[PDB]
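Here is the structure we will look at, set down as C-alpha coordinates.
Chain A is the first sequence line, chain B the second, and so forth, proteins listed ahead of strands; every chain is numbered from 1.
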4 protein chains.
Amino acid sequence: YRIXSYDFXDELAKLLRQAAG
Amino acid sequence: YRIXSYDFXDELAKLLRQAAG
Amino acid sequence: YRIXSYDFXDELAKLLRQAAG
Amino acid sequence: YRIXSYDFXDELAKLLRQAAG
(Lines give C-alpha, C1' and ligand atoms only; values in the text may rest on other atoms or scores of the structure.)
Protein backbone atom coordinates (compact mmCIF):
# COMPACT_ATOMS: atom_id res chain seq x y z
CA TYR A 1 0.00 0.00 0.00
CA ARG A 2 2.64 2.48 -1.02
CA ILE A 3 1.78 6.04 -2.06
CA UNK A 4 4.51 6.89 -4.57
CA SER A 5 7.72 6.08 -2.62
CA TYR A 6 6.11 6.41 0.79
CA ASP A 7 5.66 3.13 2.64
CA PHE A 8 2.14 3.90 3.84
CA UNK A 9 1.15 0.31 4.66
CA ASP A 10 4.23 -0.23 6.76
CA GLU A 11 3.97 3.09 8.53
CA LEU A 12 0.42 2.30 9.55
CA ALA A 13 1.49 -1.17 10.77
CA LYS A 14 4.18 0.53 12.84
CA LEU A 15 1.69 3.03 14.30
CA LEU A 16 -0.62 0.20 15.35
CA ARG A 17 2.30 -1.52 17.09
CA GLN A 18 3.54 1.60 18.87
CA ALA A 19 0.00 2.56 19.96
CA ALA A 20 -0.20 -0.84 21.59
CA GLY A 21 2.99 -0.50 23.55
CA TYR B 1 -8.99 8.75 19.73
CA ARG B 2 -6.33 7.70 22.25
CA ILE B 3 -4.84 4.51 23.67
CA UNK B 4 -3.75 5.70 27.13
CA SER B 5 -1.53 8.71 26.45
CA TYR B 6 -0.91 7.88 22.77
CA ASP B 7 -2.97 10.13 20.46
CA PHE B 8 -3.77 7.48 17.85
CA UNK B 9 -6.14 9.86 16.00
CA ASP B 10 -3.43 12.54 15.61
CA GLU B 11 -0.67 10.07 14.75
CA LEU B 12 -2.84 8.61 11.99
CA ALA B 13 -3.65 12.13 10.79
CA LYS B 14 0.10 12.91 10.71
CA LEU B 15 0.76 9.83 8.61
CA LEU B 16 -1.92 10.72 6.09
CA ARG B 17 -0.27 14.14 5.86
CA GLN B 18 3.31 12.77 5.65
CA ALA B 19 2.25 10.30 2.89
CA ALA B 20 0.66 13.21 1.03
CA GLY B 21 3.74 15.48 0.86
CA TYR C 1 -7.91 11.88 0.88
CA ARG C 2 -9.08 9.79 -2.09
CA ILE C 3 -8.15 6.41 -3.53
CA UNK C 4 -10.15 6.04 -6.76
CA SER C 5 -13.82 5.86 -5.79
CA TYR C 6 -12.99 5.73 -2.06
CA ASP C 7 -13.05 8.75 0.22
CA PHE C 8 -10.28 7.14 2.20
CA UNK C 9 -10.30 9.83 4.85
CA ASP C 10 -13.99 9.20 5.56
CA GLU C 11 -13.65 5.39 5.44
CA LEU C 12 -10.88 5.53 8.04
CA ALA C 13 -12.94 7.90 10.17
CA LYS C 14 -15.79 5.39 9.97
CA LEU C 15 -13.63 2.59 11.33
CA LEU C 16 -12.44 4.82 14.20
CA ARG C 17 -15.98 5.66 15.20
CA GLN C 18 -17.30 2.13 14.74
CA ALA C 19 -14.60 0.77 17.03
CA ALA C 20 -14.92 3.49 19.72
CA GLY C 21 -18.71 3.13 19.92
CA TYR D 1 -5.37 -5.09 17.19
CA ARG D 2 -8.65 -4.90 19.11
CA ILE D 3 -10.83 -2.22 20.59
CA UNK D 4 -13.09 -4.28 22.84
CA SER D 5 -14.78 -6.82 20.52
CA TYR D 6 -13.98 -4.84 17.38
CA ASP D 7 -11.01 -6.12 15.34
CA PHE D 8 -9.65 -2.78 14.22
CA UNK D 9 -6.49 -4.33 12.72
CA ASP D 10 -8.50 -6.60 10.49
CA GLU D 11 -11.11 -4.05 9.40
CA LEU D 12 -8.30 -1.66 8.41
CA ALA D 13 -6.54 -4.41 6.44
CA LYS D 14 -9.82 -5.19 4.70
CA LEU D 15 -10.38 -1.53 3.82
CA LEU D 16 -6.91 -1.09 2.38
CA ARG D 17 -7.17 -4.33 0.43
CA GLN D 18 -10.62 -3.64 -0.96
CA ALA D 19 -9.79 -0.02 -1.91
CA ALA D 20 -6.74 -1.41 -3.79
CA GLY D 21 -8.82 -3.95 -5.67
Side-chain angles (χ1 to χ4, degrees):
Chain A
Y1 305 117
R2 304 173 282 177
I3 300 169
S5 67
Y6 188 87
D7 29 81
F8 184 67
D10 246 69
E11 287 304 311
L12 192 46
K14 290 163 27 59
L15 161 72
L16 292 166
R17 174 96 291 288
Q18 306 188 303
Chain B
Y1 309 87
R2 313 205 120 191
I3 300 169
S5 61
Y6 191 92
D7 198 329
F8 189 79
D10 189 54
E11 288 302 318
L12 177 58
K14 283 140 147 224
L15 267 88
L16 294 158
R17 296 180 51 232
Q18 202 182 43
Chain C
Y1 305 94
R2 291 199 339 141
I3 308 171
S5 39
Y6 288 71
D7 182 338
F8 189 67
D10 185 50
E11 295 295 334
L12 281 174
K14 287 201 287 204
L15 295 188
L16 289 170
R17 292 189 71 255
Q18 290 177 10
Chain D
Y1 293 119
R2 295 179 199 156
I3 309 282
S5 59
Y6 191 99
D7 189 330
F8 186 81
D10 212 35
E11 298 292 337
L12 181 58
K14 286 172 28 184
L15 170 65
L16 291 164
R17 181 74 132 134
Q18 215 180 344

Taking atom [atom1] of [X] and atom [atom2] of [Y], what is their separation to the nearest 0.5 Å?
X	Y	atom1	atom2	value
D/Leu12	D/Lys14	CG	NZ	11.0 Å
B/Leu16	A/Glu11	CG	CD	12.0 Å
D/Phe8	C/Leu15	CZ	CG	5.5 Å

*Can you name the residues that form a side-chain hydrogen bond (donor to acceptor under 3.5 Å, both in side chains) with A/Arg17, not counting sequence neighbours?*
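Scan of A/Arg17 (side-chain hydrogen bond (donor to acceptor under 3.5 Å, both in side chains), adjacent residues dropped) gives D/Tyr1.
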*asked:* Could you work out, with side-chain hydrogen bond (donor to acceptor under 3.5 Å, both in side chains) as the rule, every residue matching C/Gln18, not counting sequence neighbours?
replied: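 Partners of C/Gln18 under the side-chain hydrogen bond (donor to acceptor under 3.5 Å, both in side chains) test: D/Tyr6.
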*Say whether, by atom type as modelled, one donor and one acceptor occur between the side chain of A/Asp7 and the main chain of A/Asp10 under 3.5 angstrom.*
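Checking the backbone N and O of A/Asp10 against the side chain of A/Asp7, no donor-acceptor pair under 3.5 Å is found.
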